[PDB]
Amino acid sequence: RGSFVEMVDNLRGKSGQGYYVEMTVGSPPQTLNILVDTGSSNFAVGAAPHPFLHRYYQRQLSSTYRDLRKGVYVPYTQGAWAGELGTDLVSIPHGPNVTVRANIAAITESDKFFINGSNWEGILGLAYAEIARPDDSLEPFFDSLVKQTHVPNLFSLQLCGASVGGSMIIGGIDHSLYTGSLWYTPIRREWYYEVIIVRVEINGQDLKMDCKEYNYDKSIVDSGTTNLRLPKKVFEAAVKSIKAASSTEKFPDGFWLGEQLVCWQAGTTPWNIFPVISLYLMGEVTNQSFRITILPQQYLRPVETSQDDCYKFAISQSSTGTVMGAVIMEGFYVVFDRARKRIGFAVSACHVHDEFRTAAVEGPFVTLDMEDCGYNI
Ligand SMILES: [Cl-]
């Protein structure tokens with residue numbers, strides 16, 4: 001038992017449907033399952049019946065609910081919801097031992113937002129105010145937490161893939177959750193958790209694209225996204241290289257597009273067929289980088305006959321930059337060190353691997369002119 005032991009194993013989820021934490025809202029208490037999303041900045045909860053919701057927030061039963069008399073609308077990559085803003089008391093029973101008055105969006109209508117069978121009823125946007133709706137004046141949850149209490153301005157995520165679970169440690173780091181050393185990359189700007197990717201390798205083979213392409217028009221760390229999403233030119237090069245490294249086997253074109261699944265008989269997946277993938281990230285010292293390496297166990301996602309194990313290729317094309325989603329995060333313990341404007345990676349104690357290969361975090365490397373990689377708006 002480390003000091004943060006009561007926050008260990010506080011996340012649950014279904015594979016590919018996101019990881020959620022229990023949050024208790026209002027008075028008397030209403031506890032809901034809440035998607036942990038480092039790619040957005042609103043705290044919002046289902047607040048009316050929906051066919052995919054087991055429960056929802058009932059404002060009329062909360063004596064401490066305060067109406068802000070303002071509507072709110074959030075479009076996501078393809079889901080959207082509409083609702084009403086207010087504030088209420090919020091605690092995380094398997095999180096920090098504090099209660100805060102936070103902004104909460106009560107979701108009254110939605111389109112393709114709630115996911116049948118996901119078990120979550122709302123979303124906790126952990127990114128910065130810049131990207132909050134309706135605007136940056138709506139204080140996000142984590143900002144409220146830090147302003148109102150002693151809790152240190154840091155949280156960390158261990159997402160354990162392939163019924164999923166994990167840990168969100170709030171206000172610190174738990175050393176049981178990782179092995180080896182933590183390596184940090186700067187948060188380039190406080191909006192999304194924006195980072196800079198400086199090199200990409202597939203089975204040790206450099207893709208050799210200009211680093212500006214890897215970060216066009218941003219690279220972010222996003223726990224609410226399943227895939228590793230890559231800019232079009234990078235995606236095309238990566239697929240070409242992954243195909244070449246997996247030459248022993250042939251797969252249809254649509255498999256690489258995520259439009260076709262390939263299944264193996266139970267327990268026979270030739271993980272060895274597929275290459276490891278490395279992203280080099282900008283380090284904390286001039287001209288210094290480090291690399292994170294994931295396995296096919298991370299980027300080939302099981303889709304749940306019981307004797308067949310089917311997989312989807314979970315690297316996909318993006319037109320809004322690189323997104324380091326669960327495919328990346330499931331290899332690592334990831335420290336969102338807001339106080340020091342940096343994100344840490346270490347090998348996860350829970351990551352899915354085999355007897356031959358493991359995810360890795362290695363450094364240092366020498367990479368020159370990294371200040372040129374970032375996109376400028
Ligand atoms: Cl605490």
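Computed over heavy atoms, backbone and side chain alike; hydrogens, waters and symmetry mates excluded. Positions are given from 1, in the same order as the sequence printed here.
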Do [X] and [Y] have ring centres separated by under 6.0 Å?
| X | Y | answer |
| --- | --- | --- |
| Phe313 | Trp256 | yes |
| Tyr311 | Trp271 | yes |
| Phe365 | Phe290 | no |

Side-chain donor or acceptor of [X] paired with backbone N/O of [Y] under 3.5 Å:
| X | Y | answer |
| --- | --- | --- |
| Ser118 | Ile115 | yes |
| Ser91 | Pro93 | no |
| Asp135 | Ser137 | yes |
| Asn215 | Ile197 | yes |
| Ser41 | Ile131 | no |
| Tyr193 | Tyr128 | no |
| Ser247 | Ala244 | yes |
| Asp337 | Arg340 | yes |
| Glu22 | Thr31 | no |
| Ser40 | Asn42 | no |

Is there a side-chain contact between [X] and [Y], using heavy atoms and a 4.5 Å cut-off?
| X | Y | value |
| --- | --- | --- |
| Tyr299 | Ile328 | no |
| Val327 | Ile294 | yes |
| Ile242 | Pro275 | yes |
| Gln260 | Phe251 | no |
| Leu126 | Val36 | yes |
| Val98 | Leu145 | yes |
| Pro231 | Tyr214 | no |
| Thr185 | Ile196 | no |

Query - Test applied, side chain to side chain donor-acceptor pair (under 3.5 Å); reference residue, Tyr20; option that passes from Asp37, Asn119, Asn10 - result: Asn119

Between [X] and [Y], what is the shortest heavy-atom contact and its length?
| X | Y | value |
| --- | --- | --- |
| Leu295 | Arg357 | CD1-O, 3.7 Å |
| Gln317 | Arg229 | O-NH2, 3.4 Å |
| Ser167 | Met7 | CB-O, 4.1 Å |
| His351 | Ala359 | CE1-N, 3.0 Å |
| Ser144 | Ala102 | OG-CA, 4.5 Å |
| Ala360 | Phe332 | O-CE2, 3.4 Å |

Any chance you could measure [X], atom [atom1], to [Y], atom [atom2], to the nearest 0.5 Å?
| X | Y | atom1 | atom2 | result |
| --- | --- | --- | --- | --- |
| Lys312 | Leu257 | NZ | CG | 11.0 Å |
| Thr226 | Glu330 | OG1 | CD | 8.0 Å |
| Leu228 | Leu230 | CG | CG | 4.5 Å |
| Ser241 | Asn203 | OG | CG | 8.0 Å |
| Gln158 | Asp9 | CD | CG | 9.0 Å |
| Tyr216 | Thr322 | OH | OG1 | 12.0 Å |

Between the side chains of [X] and [Y], is a donor N or O closer than 3.5 angstrom to an acceptor N or O?
| X | Y | result |
| --- | --- | --- |
| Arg291 | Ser278 | no |
| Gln60 | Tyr65 | no |
| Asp354 | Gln297 | yes |

Please determine whether a side-chain nitrogen of the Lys or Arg among [X] and [Y] lies less than 4.0 Å from a carboxylate oxygen of the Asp or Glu.
| X | Y | value |
| --- | --- | --- |
| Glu194 | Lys218 | no |
| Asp143 | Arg338 | yes |
| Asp88 | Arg66 | no |

**Report entry** Test ring pair (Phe, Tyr, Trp, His ring centres under 6.0 Å) applied to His94 - qualifying residues, sequence neighbours left out
**Finding:** none

Report summary line: For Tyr184, the ring pair (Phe, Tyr, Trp, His ring centres under 6.0 Å) test, sequence neighbours excluded, returns none

Report task. Going by the ring pair (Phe, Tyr, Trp, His ring centres under 6.0 Å) test, name the single residue among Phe114, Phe113, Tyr57 that passes it with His50. Result -> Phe114

Query raised in the report: Among all residues two or more places apart in sequence or in another chain, which pass the side-chain hydrogen bond (donor to acceptor under 3.5 Å, both in side chains) test with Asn103?
Result: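 Residues passing side-chain hydrogen bond (donor to acceptor under 3.5 Å, both in side chains) with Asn103: none at all.
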
Query raised in the report: Should the pair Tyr178 and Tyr333 be assigned to parallel (<30°), tilted (30 to 60°) or perpendicular (>60°) ring geometry?
Result: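 Parallel: the ring planes of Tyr178 and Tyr333 meet at under 30°.
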
Report task. If the plane angle is over 60° it's perpendicular, under 30° parallel, otherwise tilted; pick one for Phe255 and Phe274. Result -> tilted

Report task. Could you please spell out the steps behind the salt bridge (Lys or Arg N to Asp or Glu O under 4.0 Å) verdict for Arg199 and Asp206? Result -> CA-CA 7 Å; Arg199 186 180 171 106; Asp206 189 349; 2.9 Å; yes

Is [Y] reachable from [X] through a run of hydrophobic residues whose side-chain heavy atoms are each under 4.5 Å from the next?
| X | Y | result |
| --- | --- | --- |
| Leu68 | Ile107 | yes |
| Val352 | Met324 | no |
| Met23 | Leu89 | no |

Requested in this report: Count the heavy atoms of every other residue, nucleotide or ligand shown that sit under 6.0 Å from CD of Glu109, and state whether that count exceeds 12.
Outcome: no

Query raised in the report: Is the NZ atom of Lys240 crowded by more than 12 outside heavy atoms at less than 6.0 Å?
Result: no

Query - Chi angles and distances behind the side chain to side chain contact (heavy atoms under 4.5 Å, CB included) call for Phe43, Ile34 - result: CA-CA 9 Å; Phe43 177 41; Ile34 305 296; 4.1 Å; yes

**Report entry** Step-by-step side chain to side chain contact (heavy atoms under 4.5 Å, CB included) determination, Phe155 to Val335
**Finding:** CA-CA 6 Å; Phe155 66 92; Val335 180; over 6 Å; no

Report task. Verify salt bridge (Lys or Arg N to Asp or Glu O under 4.0 Å) between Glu84 and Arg59, making sure each step is shown before the conclusion. Result -> CA-CA 11 Å; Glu84 298 163 5; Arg59 289 165 288 169; 2.7 Å; yes

Requested in this report: Go through the steps to decide whether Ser27 and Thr64 satisfy the test side-chain hydrogen bond (donor to acceptor under 3.5 Å, both in side chains), and finish with yes or no.
Outcome: CA-CA 6 Å; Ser27 177; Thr64 43; 4.7 Å; no

